[PDB]
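S.K.: the data below comprise the sequence and an experimental structure of the protein.
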Number of protein chains: 2
Amino acid sequence: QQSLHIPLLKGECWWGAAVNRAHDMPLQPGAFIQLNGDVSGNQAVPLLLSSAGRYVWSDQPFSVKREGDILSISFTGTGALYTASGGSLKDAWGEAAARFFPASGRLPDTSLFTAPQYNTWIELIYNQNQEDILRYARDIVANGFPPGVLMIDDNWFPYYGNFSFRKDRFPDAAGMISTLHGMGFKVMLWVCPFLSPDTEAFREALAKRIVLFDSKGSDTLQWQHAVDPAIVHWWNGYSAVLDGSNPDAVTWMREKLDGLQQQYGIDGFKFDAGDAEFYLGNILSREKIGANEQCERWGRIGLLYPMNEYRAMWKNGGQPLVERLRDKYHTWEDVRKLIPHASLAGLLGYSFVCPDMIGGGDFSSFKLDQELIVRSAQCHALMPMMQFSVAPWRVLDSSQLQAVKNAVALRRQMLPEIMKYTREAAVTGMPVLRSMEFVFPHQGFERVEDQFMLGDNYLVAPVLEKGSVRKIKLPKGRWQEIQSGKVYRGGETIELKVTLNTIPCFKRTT
Amino acid sequence: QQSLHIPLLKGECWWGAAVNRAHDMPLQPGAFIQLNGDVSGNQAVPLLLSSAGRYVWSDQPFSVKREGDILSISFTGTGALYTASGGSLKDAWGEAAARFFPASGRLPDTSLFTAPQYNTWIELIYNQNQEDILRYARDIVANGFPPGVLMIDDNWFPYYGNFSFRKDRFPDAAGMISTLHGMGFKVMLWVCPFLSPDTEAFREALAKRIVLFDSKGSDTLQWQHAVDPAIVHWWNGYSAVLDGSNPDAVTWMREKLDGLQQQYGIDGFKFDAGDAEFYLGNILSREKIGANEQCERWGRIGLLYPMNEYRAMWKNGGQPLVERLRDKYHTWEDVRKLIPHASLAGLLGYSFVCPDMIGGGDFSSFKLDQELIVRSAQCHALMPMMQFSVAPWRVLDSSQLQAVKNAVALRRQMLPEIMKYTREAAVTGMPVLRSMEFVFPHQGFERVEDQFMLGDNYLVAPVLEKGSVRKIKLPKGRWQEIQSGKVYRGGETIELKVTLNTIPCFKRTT
Ligand SMILES: [Cl-]
Ligand SMILES: [Cl-]
């Protein structure tokens, strides 16, 4: 029950805790975030950072409240306030990273960056089958989009815990992968730690004792004597679940994933679920860890598979994992989350951040707003990674489609810059996508969340609402818009006339 | 709770309630049977019958106790004692059947009787696959055994509630069936009402509200407002389950079974599970029925598929369902159960009774006792139906195998008699396999359970222990041993020399 009360410095702004709460930051009066047993649908870290160079860390979960002008933090373990003497957000980030999540030196598979990614989810939903996957890949090529990583989403397998292609819908999965490889795609499969609880796989896992066990609500029952599996309710139903604390569960998962690589030529894995909330309640783990660390240990499996993607995470800052922003709705409100969510991700140690799925990642959001899809695409373009799912050729008229293609072209033109800073993030952990405050401290940018910096020298200001006018706040210095070539004096806000095709981006010239 | 308390008449013996308790009958001082929520692993009926022509019935479950010479019944509803004026077990049976379970007039598919049955369970266990099923069928024929109904047991499908062949182990299931048909087999599939609770099938059944719902332990929550499924722990794991009270569940189940017939040419179904114990607890059903009636209503599905087999049952006496004795251990104790279990089944309205599996039906009994297997086959031979699973040619040396073949041959010789009484049982409900007490009342046969009558005129006394001597208690009259032609006067016990090949059987000639 150790607690800490932190009066804000005059004008101080605080961010941290949870990627999927970044739209509620800087933390305001009234604000509350619970990290214990809750990653808020995405990545979370027991870190806060301030605009005055202050930081808070604990190795373990905490809760934070802002009441008036005071932070109140309640630690499950212990924590402390720190000050970096430089006095900026960047200093807080740099000191906290080097103490608590130093950069590993490694990158995820570069194929994840060197082309757009594509996910079968929106087009195929639960009907993941060989014919429709090949058609989607052919359509990507035929429409002039670059081959990249192709993620086959949930439901390619017979049941949860069976890591094989369902032969009814995949008559020749190895052939299919070989065709996809030929066309220039790499292939990832959706996986999770849940096991259909009346199957051969489930009975095998229970016999090996690699599942989480049911405590029966007993205060005394020990892991080694439990006999029944925990059953967990999640969005697809009711399942047994792997115990991430159990070294034998790691062996089993490796066997399954290594099998898919050897048998079918699979390049990597989209690791879904693992959310802390799934590990709450009457549950016994072999090494007696908490729900947050179950999530963290799921995340470590990716360290073995350079081509990976996670949505749920606890810690693992400074690690070679792709961290995707969670399922976004097909709304203007959600497109406006991409930048502040992604910039926060970077500060929490998640440099390799991909802003969900162009146009939305929630399949019941799919009435479609074509303009929204264009702006979504344009906003992805100069983020560290760009991910499609809904087919632009199916849902967009000809000029909207062209605009999306133009966004992809701008990404191609800027890729050497993206890769420079991506490779650097492996080494120093410094973010690829930086907030305005990170690069330009104490210059009035604390609440500017519709602009970001790609490295140090490119200011990107995606259009994220309807209208023909866009306001852009330029830091001191001179800035040259990379399309128009027009040079602007900095230290003011300019108004730009925009069309559907505009993606404002400025090179620092002073 | 309403009740009856019944002093036994002098010499009176009582049977009833539950097939799988018949070896504990006639009911002794200290006996207890609970039917409510419990079918004792097999069939159960709310009926008791006495050697003095008395009987007890209720529409609803009860519990029965014998303390001293008092038979006490505690009813969930209401019940009554009755007396048949003829004063014998046969009179009690006949009156009870005509009042409470009159014969339907119908037979199950005659192919279940006109040849031995075979079931892939013991030889293939959970590895049900096209190649091995066809090899077993070929082995049957190549060893000189007759083609019959072949039952493909659990695990032919991807997961529970997916009614399709798994293409990984069945590359051409329709072709396999067509081959089996050409070899003179008919084919049944194992089915159950459980649904893997994180699958597509589960989510469909949930959306259609055909599952049993979770009451949450609330005494007010109605079916109509419940949102979560009941999860049931059973021998294979944890599953959602069909609500047999829900007419929509009947439609769903018909769609699945009809589809298997139409698409692959499946002749019938082995309906497993449905045991009343699975329906206990915090459960809401659409028509607010009890656990026993959930078992009964599963049973009624077989009224639509003349080629059927059930193990779990409540009521449905007098109906065209094959009723299989439950999984028997590979023990002498269990072989000695086949006759009393089968004879009781008959008196409870289950004329069409098959005595589980030759040599045993419990896969973890599988030091095989060859003699036991032979005697098991010989005991099956003149029962209504005969069912193999373990491969006699694999586990028996040449003499023993030959003895099993001779048992099949005797069954073929006797088949016209079997079918005569089977056909009659559809009309009158009178059993095919009759207890000695039933045919010869008040003659000292009350506890003779190693002999039975095939209809009126054939007394069968299978050898059911080791040794070269068999004692046979003959009713008054004259009795002709069918092999030897020797005529024995009745009203006494004879001793017969026997070999491994002997199946003592006597024709009534007075
Ligand atoms: Cl969920
Ligand atoms: Cl069970």
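M.R.: Ah, there it is. Numbering: from 1, shown residues only, chains lettered A, B, ... in the order given. Ligands and ions are numbered 1, 2, ... in the order given.
S.K.: for chain A, what spans make up the helices?
M.R.: Taking DSSP state H, the helices of chain A run over residues A:89-100, A:121-124, A:130-142, A:173-182, A:200-208, A:247-264, A:291-301, A:332-335, A:338-347, A:370-381, A:392-395, A:398-428, A:436-439.
S.K.: looking at those, which is buried most?
M.R.: Ranked by mean neighbour count, the helices of chain A are led by helix A:338-347 with a mean of 27 (mean count of other C-beta atoms under 10 Å in any protein chain shown). C-betas here are computed from N, CA, C, even on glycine.
S.K.: quick one, that helix and helix A:398-428 angle?
M.R.: 10 degrees (axes from the mean of the first three to the mean of the last three C-alpha atoms, to 10 degrees).
S.K.: count the residues that sit near residue A:303.
M.R.: 14 (other C-beta atoms under 10 Å in any protein chain shown).
S.K.: same question for residue A:316.
M.R.: Neighbours of residue A:316 (other C-beta under 10 Å): 25.
S.K.: so it touches residue A:300, yeah?
M.R.: Yes - Residue A:316 is within contact range of residue A:300, at 6.9 Å (criterion: C-beta atoms under 8 Å).
S.K.: how many neighbours does residue A:354 have?
M.R.: 23.
S.K.: now residue A:120
M.R.: 23.
S.K.: look up phi and psi at it.
M.R.: phi -70, psi 0 (degrees, to the nearest 10).
S.K.: tell me the contacts of the most centrally placed residue in chain A?
M.R.: In chain A, the C-alpha nearest the mean C-alpha coordinate belongs to residue A:324, at 2.0 Å (C-alpha atoms, centre = their mean). With contact taken as C-beta atoms under 8 Å, 6 or more residues apart in numbering or on different chains, residue A:324 is in contact with A:309-311, A:353-356, A:387.
S.K.: interface residues of the stretch 201-350 of chain A facing ligand 1?
M.R.: A:234-235 (C-beta under 5 Å from the ion).
S.K.: which residue does the stretch 201-350 of chain A bring closest to chain B?
M.R.: Using C-beta to the nearest C-beta, the closest approach of the stretch 201-350 of chain A to chain B is made by residue A:237 at 3.7 Å.
S.K.: ok, what's across the strand from that residue?
M.R.: residue A:234 (DSSP bridges).
S.K.: for it, list the residues it contacts.
M.R.: Counted by C-beta under 8 Å, 6+ apart, residue A:237 has contacts B:197-199, B:202-203, B:206, B:240.
S.K.: those also near ligand 2: which ones?
M.R.: Answer for the contacts of residue A:237 near ligand 2: none qualify (C-beta under 5 Å from the ion).
S.K.: from the residues you listed, pick the one nearest ligand 1.
M.R.: Nearest to ligand 1 out of the contacts of residue A:237 is residue B:198 (C-beta to the ion; 11.4 Å).
S.K.: once you drop chain neighbours, what's closest to the closest one?
M.R.: Distance criterion C-beta to C-beta, 6 or more residues apart in numbering or on different chains; nearest residue to residue B:198, sequence neighbours excluded, is residue A:237 at 3.7 Å.
S.K.: how near is the one you found to residue B:228?
M.R.: Per C-beta to C-beta, to the nearest Å, residue A:237 is found 10 Å from residue B:228.
S.K.: circling back to that earlier point, grab the nearest non-local neighbour of the residue nearest to the centre of chain A.
M.R.: Residue A:324's closest residue in space is residue A:354 (C-beta to C-beta, 6+ apart), at 4.8 Å.
S.K.: angle of the longest strand anywhere in chain A against helix A:291-301?
M.R.: For chain A, the longest strand by residue count, based on DSSP state E, is strand A:43-50. Angle, strand A:43-50 to helix A:291-301, by the same axes, to 10 degrees: 110 degrees.
S.K.: strand partners (parallel or antiparallel) of strand A:43-50?
M.R.: Here strand A:43-50 is paired, per DSSP bridges, with strand A:14-18 (antiparallel), strand A:54-58 (antiparallel), strand A:313-314 (parallel).
S.K.: need those in JSON lines with mean neighbour count, can you?
M.R.: Formatted as JSON lines, the strands paired with strand A:43-50 follow (neighbours: other C-beta atoms under 10 Å in any protein chain shown):
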{"stretch": "strand A:14-18", "mean neighbour count": "27"}
{"stretch": "strand A:54-58", "mean neighbour count": "23"}
{"stretch": "strand A:313-314", "mean neighbour count": "28"}
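S.K.: now the ones you listed as a markdown table including distance to ligand 2?
M.R.: Shown next, in a markdown table, are the strands paired with strand A:43-50 (distance: least, C-beta to the ion, whole Å):
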| stretch | distance to ligand 2 |
| --- | --- |
| strand A:14-18 | 43 |
| strand A:54-58 | 46 |
| strand A:313-314 | 38 |
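S.K.: how many residues are close by residue A:461?
M.R.: Neighbours of residue A:461 using other C-beta under 10 Å come to 25.
S.K.: wait, what's in contact with it?
M.R.: Residues near residue A:461 by C-beta under 8 Å, 6+ apart: A:450-451, A:470, A:472, A:504-506.
S.K.: that older thread, surely the residue nearest to residue A:324 touches residue A:361?
M.R.: No - the pair residue A:354 and residue A:361 does not pass the contact test of C-beta under 8 Å, sitting 10.6 Å apart.
S.K.: from residue A:312, how far off is residue A:298?
M.R.: From residue A:298 to residue A:312 the distance is 7 Å (C-beta to C-beta).
S.K.: of the strands paired with strand A:43-50, which is nearest residue A:411?
M.R.: In terms of C-beta to C-beta, the element of the strands paired with strand A:43-50 nearest to residue A:411 is strand A:313-314, at 25.2 Å.
S.K.: which residues touch the residue of the stretch 351-500 of chain A found nearest ligand 2?
M.R.: The minimum distance from the stretch 351-500 of chain A to ligand 2, using C-beta to the ion, falls at residue A:363 (37.3 Å). Contacts for residue A:363 were tallied using C-beta under 8 Å, 6+ apart; they are A:121-122, A:125.
S.K.: and which of those is nearest chain B?
M.R.: residue A:125 (11.2 Å).
S.K.: having no further points to raise, I will conclude here.
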